[PDB]
Structures are given as C-alpha cells and as structure tokens.
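Student: Before we start, here is the structure in question, set down as structure tokens.
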Amino acid sequence: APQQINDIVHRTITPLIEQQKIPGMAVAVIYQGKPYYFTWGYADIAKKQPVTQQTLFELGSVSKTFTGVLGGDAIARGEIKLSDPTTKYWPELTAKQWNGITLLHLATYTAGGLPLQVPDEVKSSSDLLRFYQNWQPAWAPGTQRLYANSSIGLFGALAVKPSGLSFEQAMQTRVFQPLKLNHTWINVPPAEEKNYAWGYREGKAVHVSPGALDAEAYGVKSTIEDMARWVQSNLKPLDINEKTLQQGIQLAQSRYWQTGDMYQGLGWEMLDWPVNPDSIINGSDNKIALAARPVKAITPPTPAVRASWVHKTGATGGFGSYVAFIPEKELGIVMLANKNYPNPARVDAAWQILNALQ
Ligand SMILES: *C(=O)[C@@H](NC(=O)/C(=N\OC)c1csc(N)n1)[C@@H]1N=C(C(=O)O)C(=C)CS1
C-alpha cells in the first residue's frame, strides 16, 4: 500500500473504532483499480477470534446493490421490463391501488410509500400477499421517494419469476459465481460458520433473523475480499465477460430519478463527482435518508455517469456497512463493522479517505 493509503486509513479508522466502540471492522480501499486491506478487532469477542480477510459480515441493506444488479441482469436477459406493472408478475395483487405501480417504482422506492420495513408478523406467503393487498399508498406512484425494504424487496422477488429460479439460486448463478464471489452467501453454509462474525447490539452477540424479503433487502453476508471484488466489478463493468451481467451492472447505475443532488439507480445511489461532502454525510442521516422526498423523473434515464460518487449504506441489528466508489477515478472503499453505528460517521470517514486519495 502506498503510504498515503496507510496514512489516511489508520488516521481515520482508528479513532472511528474507538469513538463508536466497534468490536471488529474490515476496510478495503480500491486505488487505481487494486485493493488494499485493513482489519481490526474481533469477529467473535467471547472467542477472541480476530477479524481476518475471511471474516463474513452481514451487509444489511448493501445487499440491495446485489438485488439491483440481478434485476438489471434480468432486464438484459429480456425476462422483465421496468415498465412492467407489478401485477404482471403477481396477478393475485388485485386491489385497485396497485394499478400503475410498475417494477420501476418498486425498485426505486417510488411506488407511493411502501413501508420502510416489512412487519415482523409477516411470515407466510399468505401474510405477504395480505400485507401488500392491504397497504394503502400515502402518495401517487412516481411522485415521492421513500426508502423502503418492502419496495426493493418485492422487486427482487418478482424480478426472478420468469427465470423460475428462487432468488438465492438466481443471485448465486447469475451474479456471485460469475464474479467469483466464493465467500459470499445469502445462507452461510456450515463450513463457513467459523468465519461468520457475530454482530453486537448493546453488548449482546446477534445474527440477523429470518424475515420476509430478507434475502432481497438485507440478507447478504460477504468478506472484505469478495466486497472489494464487487466494487471493482461495479467500477468497471466492461471487464465483465457475461454480456447480460455487464449490462445489468450498467443499468443499476443508470439515473432514473433525481431528488435534491442525488439520483436513484437500482440499489445503488449516485451523485455527481465532485460531490459536496456535507451533502452525502448529512444525507446519510436517517432523518433525511428515511424521509419522503419528491422525485423528478429522468425521461429517459441517463446512462451510468463515470463522474459519479456511487454508494450505499446498510445495517442489521448488529452490523453496519458502507460501500462507495467513483468510476472515473478508479477509487472505492468498503467498510464492514460488527456494530450498527450512525451512518454519517461511516460516510464521513469514507470521504476523508477517498478525498485524500483522489
Ligand atoms: C438496510 O440496511 C435496512 N436495515 C434493516 O432492515 C435492518 N436494520 O437497520 C438498522 C434490519 C434487518 S434485520 C434486523 N434485525 N435489522 C434499512 N436501513 C436502515 C438504516 O439503518 O439505514 C433502517 C433504518 C431499516 S431499513
């Protein structure tokens, strides 16, 4: 690692870990296309098992980037269109409020106020239908962006229906394996249990629990090395040999809606580079990130702009993650931690590091 990398990383992350009391953390910085790795702390406190290159973390909502890209792949395959009504793939959703709600809306949180979370009481596919059939929008389709598991989650589950494959098998066969993410799982197999960090919420060790649309919204676990490879793949989709995966990646970074200075892709979110740091830092605070905001349609969507800051936050009960990258400058960062700590702290650190290297 060039000194400047070490310099910044240690200066920025160390106090961050101490400030946020983070038990374990892994950081990857992609600099002129190459990854550089840093780990701190314990994956398992009680076991005193260190974080390593092989430790799996719960990505939480960073999983949405996989879901957007898989969806992008399905479009490229000619299997769905984002202009398809949701009812085309779920005909049992017959209540009148669904008419005019398209896959684009679900994927980009503009269906009209689908809720932030699918309620814990929703378990069976029966509950799931009832939940969406009873939901009442707060706004008309395509007018407001309200960040929501239940929106992008539904998108993921429906996007895979023409393939006939489950969501997990589609993700594994169409995205993980081709990008050679061999330590990335929706369901961590036994041979990896020893590498799967615990999360910590107020001192208690926790792992995410089964939830409806969990795999689609928040259920990916991956290592720092596989997450660097995800970033490289999204920095440079042209190096990618699978035609439809290449195209799916590019579509996930198309700009479909603008709210303030951000643009909504499929999973990914984007801003023009150069970016005002206050804007992404402050925008990451849940009082803005979770608020409803008006959207302007970009008709037709703007193709992936290389001069972009492209990013996504995610968290579970016990974990906190952030990924950001700038395709023009071949620069990116991954931050995985096994405590959920405030979004703006992550984004601030990330900006300090990548600003210092740009
Ligand atoms: C994505 O990260 C997603 N987060 C979650 O669904 C969960 N927690 O967030 C704190 C979650 C899933 S299972 C479990 N026990 N907890 C969305 N992001 C946020 C966020 O913090 O950025 C949310 C507030 C909930 S929805």
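Each chain of the structure tokens is named A, B, ... in the order shown, its residues numbered from 1; ligands are numbered from 1 in display order.
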9 Å from ligand 1 is the threshold here; counting only C-alpha atoms and all ligand atoms, which polymer residues fall inside it? Answer as a PyMOL selection string.
Tutor: chain A and resi 59-64+116-118+147-150+206-211+214+217-219+284-286+289-290+313-321+340-343
Student: For stretch 256-267 of chain A, work out the shell of residues within 9 Å, counting only C-alpha atoms and skipping chain neighbours fewer than 3 positions away, then give it as a ChimeraX atom specification.
Tutor: /A:61-69,71-72,104,107-109,144-145,152,251-253,270-272,279-280,293-302,304,312
Student: Just the helix (DSSP H, G or I) stuff from stretch 154-338 of chain A, please, per backbone DSSP, written as number ranges by chain.
Tutor: A: 154-159, 167-176, 190-195, 214-217, 224-235, 237-239, 243-252, 277-283, 286-289
Student: Taking C-alpha atoms for each residue, export the selection above as an mmCIF file, in the first residue's frame.
Tutor:
```
data_model
loop_
_atom_site.group_PDB
_atom_site.id
_atom_site.type_symbol
_atom_site.label_atom_id
_atom_site.label_comp_id
_atom_site.auth_asym_id
_atom_site.auth_seq_id
_atom_site.Cartn_x
_atom_site.Cartn_y
_atom_site.Cartn_z
ATOM 1 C CA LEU A 154 -40.616 -7.020 -3.734
ATOM 2 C CA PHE A 155 -38.722 -6.019 -6.830
ATOM 3 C CA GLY A 156 -36.077 -8.656 -6.216
ATOM 4 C CA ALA A 157 -38.601 -11.480 -5.623
ATOM 5 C CA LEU A 158 -40.602 -10.600 -8.706
ATOM 6 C CA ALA A 159 -37.650 -9.959 -10.944
ATOM 7 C CA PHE A 167 -33.974 -15.574 -5.560
ATOM 8 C CA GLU A 168 -30.987 -17.280 -3.886
ATOM 9 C CA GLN A 169 -30.253 -19.554 -6.845
ATOM 10 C CA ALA A 170 -30.576 -16.650 -9.298
ATOM 11 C CA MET A 171 -28.197 -14.478 -7.307
ATOM 12 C CA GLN A 172 -25.668 -17.341 -6.959
ATOM 13 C CA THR A 173 -25.820 -18.473 -10.552
ATOM 14 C CA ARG A 174 -26.091 -15.055 -12.264
ATOM 15 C CA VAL A 175 -24.042 -12.721 -10.047
ATOM 16 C CA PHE A 176 -21.924 -14.381 -7.321
ATOM 17 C CA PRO A 190 -21.686 -24.916 7.785
ATOM 18 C CA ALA A 191 -18.116 -24.800 6.510
ATOM 19 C CA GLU A 192 -18.215 -21.014 6.845
ATOM 20 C CA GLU A 193 -19.827 -20.800 10.301
ATOM 21 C CA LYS A 194 -16.399 -20.430 11.904
ATOM 22 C CA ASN A 195 -15.746 -17.266 9.704
ATOM 23 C CA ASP A 214 -34.730 -10.635 3.871
ATOM 24 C CA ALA A 215 -32.537 -12.004 1.146
ATOM 25 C CA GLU A 216 -33.776 -9.302 -1.266
ATOM 26 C CA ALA A 217 -33.360 -6.290 1.052
ATOM 27 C CA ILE A 224 -13.797 -7.943 2.696
ATOM 28 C CA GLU A 225 -12.058 -9.544 -0.312
ATOM 29 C CA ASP A 226 -15.292 -10.519 -2.091
ATOM 30 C CA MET A 227 -16.633 -6.985 -1.310
ATOM 31 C CA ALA A 228 -13.586 -5.436 -2.980
ATOM 32 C CA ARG A 229 -14.258 -7.567 -5.970
ATOM 33 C CA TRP A 230 -17.896 -6.387 -6.002
ATOM 34 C CA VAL A 231 -16.681 -2.792 -6.099
ATOM 35 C CA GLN A 232 -14.196 -3.481 -8.915
ATOM 36 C CA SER A 233 -16.932 -5.176 -10.877
ATOM 37 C CA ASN A 234 -19.169 -2.149 -10.477
ATOM 38 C CA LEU A 235 -16.243 0.328 -11.180
ATOM 39 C CA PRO A 237 -18.335 -3.483 -15.797
ATOM 40 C CA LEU A 238 -16.575 -3.660 -19.204
ATOM 41 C CA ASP A 239 -14.021 -6.210 -17.899
ATOM 42 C CA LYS A 243 -22.950 -9.919 -21.583
ATOM 43 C CA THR A 244 -26.116 -9.671 -19.554
ATOM 44 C CA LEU A 245 -24.313 -9.230 -16.285
ATOM 45 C CA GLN A 246 -22.188 -6.486 -17.781
ATOM 46 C CA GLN A 247 -25.318 -4.735 -18.971
ATOM 47 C CA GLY A 248 -27.155 -5.291 -15.670
ATOM 48 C CA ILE A 249 -24.418 -3.613 -13.791
ATOM 49 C CA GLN A 250 -24.524 -0.643 -16.077
ATOM 50 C CA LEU A 251 -28.342 -0.395 -15.720
ATOM 51 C CA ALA A 252 -28.103 -0.448 -11.901
ATOM 52 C CA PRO A 277 -19.227 16.017 1.443
ATOM 53 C CA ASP A 278 -21.767 17.680 3.734
ATOM 54 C CA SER A 279 -24.377 16.532 1.283
ATOM 55 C CA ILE A 280 -23.640 12.763 1.471
ATOM 56 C CA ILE A 281 -22.723 12.885 5.137
ATOM 57 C CA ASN A 282 -25.727 14.800 6.136
ATOM 58 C CA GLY A 283 -27.893 12.967 3.589
ATOM 59 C CA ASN A 286 -31.703 8.846 8.927
ATOM 60 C CA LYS A 287 -33.736 11.968 9.457
ATOM 61 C CA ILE A 288 -33.030 12.696 5.725
ATOM 62 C CA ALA A 289 -32.268 9.178 4.342
#
```
Student: From the options A:8, A:103, A:323, A:307, which residue's atoms come nearest to residue A:142, counting only C-alpha atoms?
Tutor: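 Looking only at the distances to residue A:142, the closest residue turns out to be A:103.
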Student: Would you compute the distance between atom CA of residue A:353 and atom CA of residue A:9? Give it in Å to one decimal.
Tutor: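 That distance, rounded to one decimal, is 6.3 Å.
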Student: Step one, run DSSP on the backbone; step two, keep only residues of stretch 122-234 of chain A assigned to strand (DSSP E); then write them as a count of residues only.
Tutor: 11
Student: Can you work out which one of A:45, A:76, A:140, A:333 has the shortest atom-to-atom distance to residue A:346, counting only C-alpha atoms?
Tutor: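 Between A:45, A:76, A:140, A:333, the residue approaching residue A:346 most closely is A:333.
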Student: So how far away is atom CA of residue A:344 from atom CA of residue A:310, in Å?
Tutor: 15.7 Å
Student: Contacts of stretch 220-222 of chain A at 6 Å or less, counting only C-alpha atoms, minus same-chain residues fewer than 4 places along, as a ChimeraX atom specification?
Tutor: /A:56-59,63,183-186
Student: Within 10 Å of residue A:90, counting only C-alpha atoms, which residues show up once you throw out same-chain ones fewer than 5 positions away? Write them as number ranges by chain, please.
Tutor: A: 85, 129, 158, 161
Student: Output the selection as a short mmCIF file (atom, residue, chain, number, x, y, z; two decimals), in the first residue's frame - C-alpha atoms for each residue.
Tutor:
```cif
data_model
loop_
_atom_site.label_atom_id
_atom_site.label_comp_id
_atom_site.auth_asym_id
_atom_site.auth_seq_id
_atom_site.Cartn_x
_atom_site.Cartn_y
_atom_site.Cartn_z
CA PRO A 85 -46.82 -3.48 -13.96
CA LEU A 129 -49.98 -11.16 -0.07
CA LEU A 158 -40.60 -10.60 -8.71
CA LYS A 161 -40.08 -15.10 -11.54
#
```
Student: May I ask for the distance between atom CA of residue A:28 and atom CA of residue A:335, given in Å to one decimal place?
Tutor: 6.8 Å
Student: For residue A:16, which residue among A:112, A:89, A:40, A:53 is the nearest when counting only C-alpha atoms?
Tutor: A:40
Student: I'd like the contact shell of residue A:332 - 6 Å cut-off, only C-alpha atoms, skipping same-chain residues fewer than 5 positions apart - returned as a ChimeraX atom specification.
Tutor: /A:29-30,324-325
Student: Produce a file of the selected residues containing N, CA, C and O atoms, as a compact mmCIF listing (two decimals), in the first residue's frame.
Tutor:
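File again35.txt, as written:
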```
# COMPACT_ATOMS: atom_id res chain seq x y z
N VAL A 29 -9.75 -0.55 0.38
CA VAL A 29 -9.65 0.67 -0.40
C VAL A 29 -9.19 0.23 -1.77
O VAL A 29 -8.19 -0.50 -1.91
N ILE A 30 -9.93 0.62 -2.79
CA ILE A 30 -9.53 0.27 -4.14
C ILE A 30 -8.93 1.51 -4.64
O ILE A 30 -9.60 2.54 -4.67
N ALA A 324 -18.63 2.72 -1.30
CA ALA A 324 -18.69 3.92 -2.15
C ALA A 324 -17.63 3.79 -3.16
O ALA A 324 -16.57 3.23 -2.90
N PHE A 325 -17.88 4.34 -4.36
CA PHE A 325 -16.85 4.35 -5.35
C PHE A 325 -17.12 5.37 -6.47
O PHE A 325 -18.20 5.93 -6.59
```
Student: Pick from A:46, A:337, A:345, A:326: nearest to residue A:358, with only C-alpha atoms counted?
Tutor: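 That would be A:326, the residue with the smallest distance to residue A:358.
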Student: Determine the nearest neighbour of residue A:12 from the options A:351, A:37, A:309, A:273, counting only C-alpha atoms.
Tutor: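 Among the listed residues, the smallest separation from residue A:12 belongs to A:351.
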